[PDB]
Amino acid sequence: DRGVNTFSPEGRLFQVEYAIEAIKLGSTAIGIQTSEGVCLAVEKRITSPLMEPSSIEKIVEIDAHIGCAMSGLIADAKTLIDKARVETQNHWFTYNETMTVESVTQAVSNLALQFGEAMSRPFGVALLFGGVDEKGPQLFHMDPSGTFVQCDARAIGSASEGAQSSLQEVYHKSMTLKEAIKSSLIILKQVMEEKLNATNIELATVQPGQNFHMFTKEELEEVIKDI
Amino acid sequence: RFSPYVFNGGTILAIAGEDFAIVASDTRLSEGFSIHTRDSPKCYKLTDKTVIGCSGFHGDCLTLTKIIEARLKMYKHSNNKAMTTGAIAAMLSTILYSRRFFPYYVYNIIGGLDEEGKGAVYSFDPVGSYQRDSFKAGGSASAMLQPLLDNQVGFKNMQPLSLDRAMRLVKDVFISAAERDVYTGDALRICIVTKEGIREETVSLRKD
Amino acid sequence: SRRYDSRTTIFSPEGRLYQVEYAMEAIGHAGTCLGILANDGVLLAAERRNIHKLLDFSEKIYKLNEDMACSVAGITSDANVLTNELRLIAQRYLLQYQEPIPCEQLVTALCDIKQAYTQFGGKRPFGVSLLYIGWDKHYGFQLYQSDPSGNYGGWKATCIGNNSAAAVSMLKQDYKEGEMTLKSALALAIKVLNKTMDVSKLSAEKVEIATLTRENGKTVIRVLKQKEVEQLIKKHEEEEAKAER
Amino acid sequence: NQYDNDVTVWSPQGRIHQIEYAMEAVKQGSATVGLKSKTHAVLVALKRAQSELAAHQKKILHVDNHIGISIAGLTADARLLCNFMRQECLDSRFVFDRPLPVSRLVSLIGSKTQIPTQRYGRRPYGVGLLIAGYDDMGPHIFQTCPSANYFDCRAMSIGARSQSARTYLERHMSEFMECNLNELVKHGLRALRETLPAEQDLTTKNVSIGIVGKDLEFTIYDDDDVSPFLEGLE
Amino acid sequence: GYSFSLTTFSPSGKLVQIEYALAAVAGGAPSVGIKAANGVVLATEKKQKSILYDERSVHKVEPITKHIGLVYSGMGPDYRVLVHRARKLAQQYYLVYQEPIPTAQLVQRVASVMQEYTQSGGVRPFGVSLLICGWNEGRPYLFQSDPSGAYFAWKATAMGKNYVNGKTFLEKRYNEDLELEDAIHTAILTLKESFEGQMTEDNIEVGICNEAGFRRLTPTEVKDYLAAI
Amino acid sequence: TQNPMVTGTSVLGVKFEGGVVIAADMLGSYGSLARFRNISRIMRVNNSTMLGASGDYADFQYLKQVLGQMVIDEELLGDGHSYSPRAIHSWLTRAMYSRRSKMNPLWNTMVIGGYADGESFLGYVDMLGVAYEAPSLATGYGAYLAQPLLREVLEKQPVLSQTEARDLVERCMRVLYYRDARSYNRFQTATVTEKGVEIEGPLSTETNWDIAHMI
Amino acid sequence: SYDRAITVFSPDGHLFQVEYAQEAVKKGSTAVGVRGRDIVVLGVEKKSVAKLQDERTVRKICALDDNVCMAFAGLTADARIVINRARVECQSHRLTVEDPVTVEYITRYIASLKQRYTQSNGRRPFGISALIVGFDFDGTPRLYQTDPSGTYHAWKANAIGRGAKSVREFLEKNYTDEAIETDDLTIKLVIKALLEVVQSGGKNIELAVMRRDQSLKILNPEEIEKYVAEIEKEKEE
Amino acid sequence: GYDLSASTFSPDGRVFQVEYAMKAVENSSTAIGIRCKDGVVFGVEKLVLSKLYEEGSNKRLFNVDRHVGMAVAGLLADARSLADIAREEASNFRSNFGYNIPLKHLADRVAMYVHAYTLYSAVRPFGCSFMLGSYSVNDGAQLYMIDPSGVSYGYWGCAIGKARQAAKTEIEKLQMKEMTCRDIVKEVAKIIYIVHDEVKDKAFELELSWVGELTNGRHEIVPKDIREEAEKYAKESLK
Amino acid sequence: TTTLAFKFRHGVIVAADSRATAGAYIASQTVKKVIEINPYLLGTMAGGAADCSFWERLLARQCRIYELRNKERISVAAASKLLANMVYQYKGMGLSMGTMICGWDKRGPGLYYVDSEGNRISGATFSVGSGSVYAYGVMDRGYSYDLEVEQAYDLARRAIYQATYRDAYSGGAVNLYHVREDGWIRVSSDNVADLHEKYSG
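Residues numbered from 1 in each chain as written, not as in the entry; some residues may be left out. Chains lettered and ligands numbered in written order. Part of a larger assembly, values for the part shown. Heavy atoms only, no water. Residues with missing side-chain atoms left out of burial classes, pairs and counts.

For this coordinate set, the PDB header names cryo-EM as the determination method and states a resolution of 2.84 Å.

With that out of the way, let us pick up the sheet that holds strand β1 (residues 33-37) of chain C. Residues and elements named next belong to chain C. With antiparallel pairing, the 5 strands of this open sheet are ordered in space as β8-β1-β2-β9-β10. A strand with exactly one partner marks an edge of an open sheet, and here the two such strands are β8 (157-160) and β10 (218-223). Going across the sheet, the axis of each strand differs from the next one's by a mean of 10°, ignoring polarity. The pairing of β1 with strand β2 (residues 41-47) spans 5 bridges and is classified as antiparallel. Among the inter-strand pairings, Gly-35 is bridged to a residue of β2, identified as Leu-44. (Pairing = 2+ DSSP bridges. Helix = DSSP H or I, 4+ residues; strand = E, 2+ residues; numbered from the N terminus. Axes fitted to C-alpha atoms, helices over the stretch in contact; angles between N-to-C directions.)

To continue, consider the UniProt feature "binding site: bortezomib" in chain I. Residues annotated in UniProt with the feature "binding site: bortezomib" correspond here to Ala-49 of chain I. Owing to a relative accessible area of 28%, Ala-49 of chain I belongs among the partly exposed residues under this scheme. (UniProt positions renumbered as here; feature names shortened; annotations may be inferred. Buried < 20%, exposed > 50% of the residue type's maximum accessible area, 1.4 Å probe, protein only.)

What follows concerns the interface of chain G and chain C. Residue-level contacts link 29 residues of chain G with 38 residues of chain C. Across the chain G/chain C interface, buried area totals approximately 2900 Å², and carbon plus sulfur atoms make up 53% of it. Contact with chain C buries surface across chain G, with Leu-52, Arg-80 and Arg-124 of chain G losing the most and accounting together for 26% of the total. Taken together, the connections running from chain G to chain C amount to 4 salt bridges. Counting across the chain G and chain C interface gives 11 residue pairs in polar contact. Elements that contribute at least two residues to the side of chain G that touches chain C include exactly α1 (16-25) and α2 (76-97) of chain G. (Contact = heavy atoms within 4.5 Å. Buried area = accessible area lost by both parts, 1.4 Å probe. Salt bridge = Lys/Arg side-chain N within 4 Å of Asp/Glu carboxyl O. Polar contact = N/O pair within 3.5 Å; in protein donor to acceptor, adjacent residues only side chain to side chain.)

On to the arrangement of the chains, then. Chain C shows no contact with chain F. Their nearest C-alpha atoms sit 39 Å apart. When C-alpha atoms are compared, chain B and chain G, though not in contact, are closest at a spacing of 27 Å.

A word on helix α4 (residues 163-173) of chain E. Residues and elements named next belong to chain E. Of the residues making up α4, those classed as buried are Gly-166, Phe-169 and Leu-170. Each buried residue of α4 sits inside an arc of 95° when the element is viewed along its axis, so together they form one side. For α4, the elements touching its buried residues are β1 (31-35), β8 (156-159) and α5 (180-192). (Arc of directions from axis to C-beta.)

So, on to the interface of chain F and chain B. Tallying the contact residues gives 17 residues for chain F and 21 residues for chain B. A combined buried area of about 1600 Å² lies between chain F and chain B, and 61% of that area is made up of carbon and sulfur atoms. One can count 1 salt bridge joining chain F with chain B. The salt bridge involving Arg-100 of chain F is made with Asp-60 of chain B; its shortest N-O contact spans 3.4 Å. At the boundary of chain F and chain B, one finds 3 residue pairs in polar contact. Mapped by element, the contributors of at least two residues to the side of chain F that touches chain B are α2 (85-100) and β9 (131-133) of chain F. When the residues that make up the side of chain F that touches chain B are grouped by side-chain class, the tally is 10 nonpolar, 2 polar and 5 charged. (Nonpolar A, V, L, I, M, F, W, Y, C, P; charged D, E, K, R; others polar.)

On to unusual backbone geometry. The linkage connecting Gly-201 of chain F with the following residue, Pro-202 of chain F, adopts the cis geometry, with an omega of 0°. The residue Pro-202 of chain F is located in strand β12 (residues 196-204) in this model. For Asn-96 of chain A, which is not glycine, the phi torsion reads 60° and is therefore positive. Structurally, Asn-96 of chain A is set in the loop between α2 (77-95) and α3 (101-109). Residue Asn-96 of chain A is classed as partly exposed on the basis of its relative accessible area, which comes to 41%. Positive phi, normally seen in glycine, also occurs at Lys-239 of chain H, with a value near 30°. Here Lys-239 of chain H shows up in the segment after α6 (224-238).

All names here are of chain E. A full pass over the atoms with the stated rule returns 82 salt bridges over all chains. Linking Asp-78 and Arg-124 is a salt bridge whose minimum nitrogen-to-oxygen distance equals 3.7 Å. Pair noted here: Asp-78 is in helix α2 (residues 76-97) and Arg-124 is in the loop between α3 (103-116) and β5 (129-136), with a separation of 46 residues, a long-range link. Of the residues examined, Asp-78 reaches a relative accessible area of 10% and is grouped as buried.

Next up on the list: the UniProt feature "active site" in chain I. All names here are of chain I. Listed under "active site" in the UniProt record, and renumbered for this structure, are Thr-1. On the secondary structure map, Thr-1 appears in the segment before β1 (2-8). If near-sequence neighbours (up to four positions away) are discounted, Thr-1 is found in contact with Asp-17, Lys-33, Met-45, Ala-46, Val-128, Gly-129, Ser-130, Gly-131, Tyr-169 and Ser-170.

This part takes up the sheet that holds strand β2 (residues 39-47) of chain H. Residue and element names in this part refer to chain H. Read from one edge to the other, the open sheet built from 5 strands follows the order β8-β1-β2-β9-β10, with strand pairing classed as antiparallel. The sheet is open, and its two borders are formed by β8 (157-160) and β10 (219-221), each paired with just one other strand. Strand-to-strand, the axes of this sheet are offset by a mean angle of 15°, without reference to chain direction. Pairing of strand β1 (residues 31-35) with β2, which is carried by 5 bridges, proceeds in the antiparallel orientation. Bridging across to β2, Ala-31 finds its partner in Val-44.

Moving on, we come to the nonpolar core. Membership of the largest hydrophobic core comes to 45 residues, with the highest contact counts inside it found for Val-34, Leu-171, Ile-187 and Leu-207 of chain G. Of the residues forming this core, the biggest block, 6 residues, is contributed by helix α5 (residues 183-195) of chain G. Not counting residues up to four positions away in its chain, the partners in contact with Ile-187 of chain G are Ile-39, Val-41, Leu-207, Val-209 and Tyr-227 of chain G. In terms of nonpolar packing, the next biggest core, distinct from the first, is built from 43 residues, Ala-72, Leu-130, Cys-153 and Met-156 of chain D among them. (Core = buried A, V, L, I, M, F, W, Y, C linked by side-chain atoms within 4.5 Å.)

This part is about the pairing of strand β3 (residues 31-35) of chain G. All names here are of chain G. For β3, the buried fraction is high: 5 of the 5 residues fall into the buried class. Burial along β3 is two-sided: the face carrying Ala-31, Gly-33 and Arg-35 and the face carrying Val-32 and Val-34 are both buried. When β3 meets strand β4 (residues 39-45), the two strands line up antiparallel, connected through 5 bridges. Bridging from a neighbouring strand, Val-32 pairs with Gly-43 of β4.

A few words on the pairing of strand β8 (residues 119-125) of chain F. Taken residue by residue, a regular strand's side chains alternate between the two faces of the sheet. Residues and elements named next belong to chain F. Counted residue by residue, β8 has 5 buried out of 7 residues, so it is predominantly covered. Sheet analysis places strand β7 (residues 108-116) next to β8, joined by 7 bridges and oriented antiparallel. Bridge pairing in β8 places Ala-116 opposite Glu-119. Linkage of β7 to β8, two consecutive antiparallel strands, is achieved through a turn of 2 residues, within which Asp-117 is found at a positive phi near 55°. The pairing of β8 with β9 spans 3 bridges and is classified as antiparallel. Each residue of the ladder has a partner; that of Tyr-124, found in β9, is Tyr-132. Between β8 and β9, which pair antiparallel and follow one another directly, the connecting turn spans 5 residues, one of which, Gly-129, has a positive phi of 105°.

See the structure below:
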């Protein structure tokens, strides 16, 4: 038996490795960034027809211009989402302006390694932040180890490898938001086990000049009609 | 008993133009009926497009101006940008209210350029309440300087500002106020903030 | 130090909490205690495990209030702590509301303390099980039982301690619901105790009986004298000798 | 076997294994080079990307107008230490109203870092730092280890496969004190290039530069702004 | 300090550290307590390892108040801590009620203190067992307290080495009509059984409790009693 | 410190071509009693800094202790850095202000003199945290009696020499002795120059009582 | 205080204490909940019934408020704590907002409380699972289910406890639109779902019903016997 | 497993963690200190592990107080912690009792602080040894040595490190009770040069300091020219 | 200072002056005394300006957090209750503020009055400030629940003008706001020196 804060012989913390292992059991989320906006698409795992699909929410609104998609252990993401919302409101209260996506990501990521023997173990949830600020549309990725990066197209979850492989050929810098939505839906259809039917998926976009928006049913069938 | 405050005099003025701002003050430091110095300006450069002026109790002025600069550096390191004039005003309001039950005995004015390149002037009270104006005077001789600005800039009771006209108006109002206010006037310091940065100037007043 | 920590408050691979089963196994060795509810009162009967000849209110029956009494089984040193806590809870309720506490509220308030020890803290649980009797204006005569884990439930006739299962079976056979009086309840208690003890015949020195009854608008808690238990034993012996014929 | 799980256990040979594992954590980071002349101090960093669709991680940070650092190891620990350094510099400037000397900051860093390596249930900081600064005594290059020990260098390289850069620097130490800014930058770039595999080359995407000097605040050059320094190389 | 309990339940429901503490107690020096109609007598054996030891430097029989006395079997260092706490508790009771503490109340408080060390973090149970004597309401008392925290009221008891034979002796000889002098004779006779060597006034200790209070017999009186026997 | 108790009178300071000079008398008065007559109110901080304080004497001794220990500690490192006069001025301002806000002030007024890197420093710190700099300084009643004399000279001739500054100091001390009730005839001078800090005293002033005969 | 980390990650990224809490829940008595059109129904099977016990003291359907109630499965002592926390939260909400709670609000509070015990020092997870039913101010019936790990979902019909998989299989088939058109049909559906597991007929069933503006009502054994007899008469077809 | 915590006795009465800490000091480069008729002289050989480090890096001679000097061996971080502890003790004494702390008092206080770490399982013992030297006009010259166990002693000449025994053998021949600091400065450099092993430890640097009446009671680094004179004398003696 | 607010069939109407003084000296005449908490709530300031501004900013941030968490907008009664609970814990220290809170929600229009002493009362017609007693007269004589939109605008303007005519610390310009079901709008900002010729003739 060993403590929570022991290094491995090749210089890695065991608990972070185990949490990263736990990440790979969640549903697949895919985010794409274009000069017209950012799009987030996530899978739903309906285990029974007696469940209500609308009670599963995996894309939340951090703020009117920032949205988040999560995977891994879902119950742990609530604390991070609450902290992010509180920090954005505090920033607005003090400075009378909107926080940027990078600052929100830093504020959330500073909580990752604050555990010991207060938290007793790492979080084991992976997040994608999509936002629009003075620099334009931006997509950020943050993982349980406390490291965050900026991306052009990212896929997290159990089928991340094949999804990233497909995104490598699909993506180009001149994509339109509509093409991005189509490509993300095609990749999601490829990686899922069930059939994509406008009920077991969730999709959202953030565009300049308008707030965070969640696609309803009718738009979902309209877009899926082409696929 | 012990009194934690004294009054050290001083007058500050700000005028916002089409594409500039001007902040002016006097350089006399006094206490009671004595004169401490004749070379103590009251304008502090915050950023290459933002100036602040403080008057009142001197110790509070010094500590407040150090706190503001520390907070600006903290913000720049955390956010990778230089703070904006509106953000500076909104932060100063919270800083001032933090001491609600032992207030700062300071009068503050902020001048600079906004994000579209136009002049901005914000005025504060010792507790935190702030307001955006077009011109504002504070300190010992505010009551003497304000009606002149209302008459000449606002065109009150009568049947755009150039930079030169604003300069002449500022010099004239301080020359007139040096005649009648006890606490005001050894030299005049003027700071002009424009597209090219911040420029400074000095003028001589009465000495008695 | 992680080396010497014994990890009391953790789950087991089957979903069990081993310290609680070990405490319950400890309780199953203490003296037998029995409780019976009647129409006009309620009674507790306990086995005296102190039988040395050189030994000098009651040994295992405690008074918590004006209206309640309890008896314990298990480890006495923890029973003292729990009894001292029950008295303080009752006094706090009376101070706040200027009325006596109901029975179920008292039982719940103690069981919360018992459960808190089993869920966190790193310490061991209490190894005692209690029987409570009392009177209440909302519900009348009542009888409750508690466990080391914090579980309680009301009953009409129950037994805890050594040989509990045989006593429970005998109670199921012989208890008549809605037709019991104190006089018949005492005889039933004597019969069950005689059939449970590991002695050829019962003796007045090995048992203590307490009765709670309500006379003249006041509750009376009375510990029976030895010369009454002797008469009860003689009556039971005569009835048993004339039972088969 | 049983001497390697805690930071408060001595091995029979008089060693602490958790400190050695924290050392091993630093050796897996990307390379970083630091060197100085009579007038300037320079940090050169090589950045890494997880994939072609991900941006390269930052490795040069602002600590104060005359102090900058470069990182190798765990990122979150680096952020924690950087915030501690920024707070110390702000406190010094508030109380005494003058820049904090670099050596007095390094002493504070070591004092802070030594405490975890002595108490039960705590871990060493698994990050290594290169610190470039300038004060009244000229340029300074400092190097920090997870074991709370620090060194004052003429030139130094840390990270994975950093022995080649160290050999190059040891060969070319003599010219550094006389070189100007441009040649010092090119020397650092050559030393950093000595660590790359033979099939990979330097580019504006994966190279970051940080410079501090006598009349120059700490500046960072990234992306297209490093093009003038790469021009004329080789 | 360790915040976890060092005493835990065994798979058969036993608390084993308590059994080990009683194992420690059963290897201590003998003690005898006898309650008579006029008072209580406590006796203990005080053999010492050498002649260089000062026989009068430390005592086993100690007064708690003017009317309560203690003896022990087990470890001396723990006995000292318990004696200190008992004295402090008696003084607190006197400060509150302006009345000497009854024997049963003191035994209850001391037993509570001894039980606190069985369910607390990072400590071991006391390795001593105590005999308490007192006089209240015109009658005497005699109590015993165990390392677990359970106390009993006795008439005659023996403890320490070979205490089963001592209990048999007391059972066959004790009578409720004894005076205090017959009680002292019986106590010294019980200590005589299973004694090593020749006993004098310097290697036994006796204390008595009656209407006047608690007092420890001087060696001259012990010499007189030994000569009488 | 709600009450001052034993107090000092006034400190004088003036800057010249290559350094600074400070002067103060040698008396500690308890009310109106003139109780201790050989006390020193001038300190040498380090090889380029000197300090002179008026007001409560217990507080001055306490600040002597704190400042001396701080200088010794910072000197032990041996790294080649030392505190300048401005660092001492700023630290004193912070300490005084921080103690003002707790409603427990230090009853003092201090004059810091120094000479470093070819530039001379003369600074003034007050009880409430009011701090500033000037070519000449005087605290207490010297603010009314001696300050006009120093400023009259400094307006005509902005830059003095060492002997002129010295003579100006004795003239101001003589006027203060004539017209101040809590003064004394023995004073002490400290001079900071490129060589270091040099303390000279006790000195005395020659007086004139001719007017007593026209009464 | 005791600050040991009780629950931690394992290789392959599992939390073993939470899994063992799941195992503890899977040994309780079965609880079934059905959401109708104007009625919500809860049903529990009594694991052991004795003639010497009072039923009022061992009820497993509690009332959190005038419009929200819940049933649980697992360790009883833990539920007795969670229920008394939720009651205080409901009263605090009604005080501060001047409005009765929503079913989602209270289930969210309970889920957050249960998740906060799997990431703290010196604590073990709650070994209970919950079904929460109610009506909102607009008249919409609500059914929610809460997990010892801290996750909650909305359902049309559900079952927890031992043998929950078989009851879920039954409900997947027998839950239709026509089977919930009236209160009697919904109650019969709940009873039939419970009958797949319970022994000795309706003697081991506790049933509770809530409507749009009425409080919780416990059905007496005679009504249960009447319904069971009707269900058995329907077998004659 | 009797050697895993500092609060366990071995079945034969030993505390193994303190011995394992001593083994850390035993693998360090030697430092010696000699007390003479009118002062104390410290001398250290500092190993250079690369040519990139500047001269004067990783100094092992500290100034604890105006009249006190310190020389360490072992882990350098622990030594730099103990130096700060000693600085605080001396500062507190001066600000409380009004005069410089005597060396025998500072040594005892630091020794008790060090010993406080060898009793509990929640902390580990220090892995450093050190020497404290002082000179007072009233108390003469004084030299003290402190141990990871916490034991403090007074010496006439001492050596700590890997080459301790050979250095002590060389020091015992000096007859240092009748000669001044100037001779001792050469003799310490000589002893350091002969106890060094250049075929395994390739390169090293000599660091010297003294406290005495020639410094008027201040602890100082040896002036340069004297250092090169001593180095030349030692090298020509070694030849 | 004088601010008034009344509730009628088509919603809520809020009116305020603009002068702020410090003693007998008029600091400014361009103060904005109707604080815009949200696109769906309105508040006023009377007494201390700093206290009103600070505590209503705190209220705005709490309302936004509530809306984010619960996916529904806060109501007027709940917002007033929050504001009342945040100022009761500084009771006796020296705060001075009195505010109307105006909105529209599921129960129709809403108008609450909260002040620092502790009062929190719902109503159909309120006026606060120094010159409120001058506005009660005109407003009471003219108010009815079946007013038209233009008639309500006219009533509010006339009440504020009559208040500033006889009060010395009240003056400047009249700022008017209308709270409807789909948010609030800004109606007008009329100078008193022009209302004088409009009304007198």
